[PDB]
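Since the structure comes first, as structure tokens, the remarks are kept for the end.
Per-chain numbering from 1; labels A, B, C, D and E assigned in written order.
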Amino acid sequence: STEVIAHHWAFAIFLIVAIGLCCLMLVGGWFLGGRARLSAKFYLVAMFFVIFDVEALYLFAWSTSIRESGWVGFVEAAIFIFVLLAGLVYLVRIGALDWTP
Amino acid sequence: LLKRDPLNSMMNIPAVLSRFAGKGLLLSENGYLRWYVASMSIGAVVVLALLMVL
Amino acid sequence: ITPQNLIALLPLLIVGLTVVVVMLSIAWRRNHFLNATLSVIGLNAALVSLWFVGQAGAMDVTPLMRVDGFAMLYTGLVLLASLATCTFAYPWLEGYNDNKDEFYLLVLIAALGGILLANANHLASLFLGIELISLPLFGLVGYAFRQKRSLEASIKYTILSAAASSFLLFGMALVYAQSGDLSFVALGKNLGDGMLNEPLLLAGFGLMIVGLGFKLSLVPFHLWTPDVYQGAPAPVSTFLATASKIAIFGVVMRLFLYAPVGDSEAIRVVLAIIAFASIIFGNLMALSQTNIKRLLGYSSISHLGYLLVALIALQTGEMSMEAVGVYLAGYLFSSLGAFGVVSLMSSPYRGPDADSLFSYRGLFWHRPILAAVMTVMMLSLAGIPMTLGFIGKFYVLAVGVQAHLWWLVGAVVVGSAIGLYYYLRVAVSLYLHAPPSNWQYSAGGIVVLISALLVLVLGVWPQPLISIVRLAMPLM
Amino acid sequence: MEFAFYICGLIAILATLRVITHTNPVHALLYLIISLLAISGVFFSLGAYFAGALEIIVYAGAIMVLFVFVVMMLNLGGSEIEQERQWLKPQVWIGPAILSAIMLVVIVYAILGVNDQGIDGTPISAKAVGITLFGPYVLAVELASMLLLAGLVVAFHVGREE
Amino acid sequence: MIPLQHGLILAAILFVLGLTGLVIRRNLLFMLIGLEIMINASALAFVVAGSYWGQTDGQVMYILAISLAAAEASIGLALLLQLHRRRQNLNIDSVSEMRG
């Protein structure tokens, strides 16, 4: 088409101008001027983020087509979110989602 | 000449072959995970080649 | 979506609701007794609800799932394996100083994946069921991660099963690239007139064969089996050796049944070579084993080789599915009793530092009935008549004779003789001379005694098992 | 379409080649993130817009964050491994390299003889993927929720301190 | 306009690269990295196959594949943390006690 290729060109120019502006900014910074054991809680938090992010992707795909899925899709997403909240309650109650004991 | 029962020994030969083959096969169970992955990839190569040549 | 389709789903729903209920009960308080009882209650309930699914009939519940009596038989085998695993796990987990409750949640989720594989009619459902029995087994094999051997087995099984999952997924992707449909019945439909052996379809099936033959301990994807069996907790070894093998071979049975590329001669020849090598290598490597776990791993390799021999005769014969069912019942009871005797002698869990060696020599002179059960299962896995393992061996020999698979029949005989040597060595070491106390350990003893009595009774009188396996028929 | 597909495929191959040979773990993870960005660009070239968005959101934005977190936690700097460089000398890697090359050439031979009408590149939106995902694939959705639940339970059980 | 064969070959190249990285590396972390490479290559192959036929099924299998990849990366990094805690080194050849 015409508008879609104009928008593709605009998006590509946006990309390259932003990246070039940042790189030129750092290049000009380097040019100018004269010279002279961590705990497992971090792993657990990042891991919980990954698992709930994938489950969030499932809800992302659900949310776009609500009126094309009927009430059965709502029911299935309801068991999905129930298992989600059951896992969240399980993590909270055992101390997984607490930074301090 | 026959007092040691030669036919019994010649029929005992497959037991010797089985013991030798089992001892030889147990050397591949060295306990190295990297060799286990390598053997999985070797078996994948063999299976793929065998399926391609028929 | 019909409510009768909801009636076909009851094992899946009951196991999932048991998962949620046990998880919430753990979140309320950590009680080993209550959570274990809730787990076995949910598994018993699903096993009972199989009767209601049988009264529901047989139907295709999804483009994904299909339930018939074939699926109910495999579901029942998986549920019985899981129930035995929980029963052996409680006296084992009595000695575990860390959290004893996550074990049952992982066991239940693995049983859910086994049920999915029992009912799977689709590449997506097959992949999902494989991963659902694999990842809880990653947790369970290294449940005692502070123990050096259990951590070693966990790392080995996790790395190798992730690699095999990648192989299986890549093969599925190539198969879907050729076929355009992930349904089992369409895997070879778009070909025809002798053009069944397309190279991409064959290579995709080869990568799936690599993944599934890792999962079935088939040679040469077998080297993990003695290490993982020895390092894993003994109830986990029981669950792996019974439930994982049975569920994955059931779904492989179904895949080779409805795929039109299952009639390919190339795949038949490759599986024949794999079965031959599995039987011979698994029997030969167990000759000089003093560890019962590694010995049973090599034994599992050989028995899955016999099962593969029954798998090859699928298209030519007619009694191949019945042969697989009868063999799987006998193998399930035999491996259940064997790894159960190992489990109750390894119970309670003594800690990460103490050794967990079985020391079966002289077992009769201080623990006689378990020695009797152990030698009964040694005779059954040897295929000796008066045992159901012989009935399975007879079925495998019948389908190999009917399909004229003479090389595999000779392999069965030779590997049977080698198996006789090592099984009889174990069984007579039980009665040589060597240099609990609650009701759950008694329940585990009850479970192994019942399985031994069942294998003996169906050895002498195999007709009820034959009739109930023949009752199961698929949607052909 | 094709142009972006070929650069992104080439970038992914090059970045993976730097991944499997590098010694520094953070640098290898950075090359892996670059390869994931390239694979997402490949997905956007094919019309799988949801797959590309997920390749950035989930793979580069969650899983590689977990790997980066673990590497930062352990402070890995080649404990008698960077000092050895065992994987660099050809007497170690010459076997696995030709083994993987043989497997690759067999797979490529299988690929080379198939029907290829060409990928159209018409965008399959995330709405259609949602309709299918909550139409014919709802058991997959539920059992994948239980799959991630199993992974979460296992990873908490193993990755504690006490 | 894009051939299906080219996408499949790209996925195969990434898969065999991940397998090589899995085999040749003694550190467990690079083994996990190679596993992630292989599973991402398989997911890419499924996306290519689904996009060729004009079906959603390829992206759905991609979603299932990345769910598995997230779970396996979580479990593998937990096991690697356990190994580094117990043995203070990530050499996978030292985890070789069971043999025979």
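Rule of thumb we're sticking to: contacts are C-beta pairs under 8 Å (C-beta built on N, C-alpha and C of every residue); 3 or more make two chains touch, one makes a residue touch a chain.
Enquirer: Just to be sure I understand the contacts, which chains border both chain E and chain D?
Expert: Chains in contact with chain D as well as chain E: A, B, C.
Enquirer: Averaging each chain's C-alpha atoms to get its centre, pick out the one most distant from chain A.
Expert: B
Enquirer: Based on CA centres, what chain would you say lies at the far end from chain D?
Expert: The most distant chain relative to chain D turns out to be B.
Enquirer: In whole angstrom, how far does the Cα centroid of chain C sit from the Cα centroid of chain E?
Expert: 26
Enquirer: Measuring from the mean C-alpha position of chain A to the mean C-alpha position of chain E, what distance in angstrom results?
Expert: Roughly 21 Å, centre to centre.
Enquirer: Could you put a whole-Å number on the gap between the CA centroids of chain A and chain D?
Expert: 17
Enquirer: In chain D, what residues contact two or more other chains?
Expert: Answer for chain D, listing residues that touch two or more other chains: 50, 54, 58, 62-63, 66, 70, 73, 96, 99-100, 103, 106-107, 109-111, 114, 128-129, 131, 133, 137-138, 140, 142, 144, 146-152, 154-156, 158-159, 161.
Enquirer: Going by the contact rule already set, what residues in chain C reach two or more other chains?
Expert: 16, 23, 124, 128, 131, 135, 138-139, 142, 145, 154-156, 159, 163, 174, 177, 199, 202-203, 226-227
Enquirer: Which chain A residues sit where two or more other chains touch them?
Expert: Correct list: 40, 43, 47, 50-51, 53-54, 57-58, 61, 72, 83, 87, 94.
Enquirer: Taking touching chains as linked, do they make an open path (line), a single closed cycle (ring), a hub with spokes (star), an all-linked set (complete), or other?
Expert: Shape = other; not a path, cycle, star or full graph.
Enquirer: Could you run through all the chain pairs that touch each other?
Expert: Pairs flagged as touching, ordered by label: A-C, A-D, A-E, B-C, B-D, B-E, C-D, C-E, D-E.
Enquirer: Within their complex, state which residues of chain D touch chain A.
Expert: Per the stated touch rule, the residues are 50, 54, 57-58, 61-63, 65-66, 69-70, 72-73, 75, 125-131, 133-135, 138, 141-142, 144-146, 148-149, 151-152, 155-156, 159-161.
Enquirer: Touching chain C in the complex: which residues of chain E?
Expert: Its residues touching chain C are 4, 8, 11-12, 15, 18-19, 22, 28, 31-32, 35, 38-39, 41-43, 45-46, 48-50, 52-53, 55, 57-58, 60-61, 64-65, 68, 71-72, 75-76, 79, 82-83, 86, 92, 95-100.
Enquirer: Help me check something: in the complex, which residues belonging to chain C touch chain D?
Expert: Residues 12, 16, 19, 23, 61-65, 98-99, 102, 105-106, 109-110, 112-113, 116, 124-125, 128-129, 131-132, 135-136, 138-139, 142-143, 145, 154, 174, 177-178, 198-200, 202-204.
Enquirer: If we count contacts the way the header does, which residues on chain A are in touch with chain C in the complex?
Expert: The contact residues of chain A facing chain C are 72, 82-83, 86-87, 89-90, 92-94.
Enquirer: If we count contacts the way the header does, which residues on chain B are in touch with chain E in the complex?
Expert: Residues in contact with chain E: 26, 29-34, 37-38, 41.
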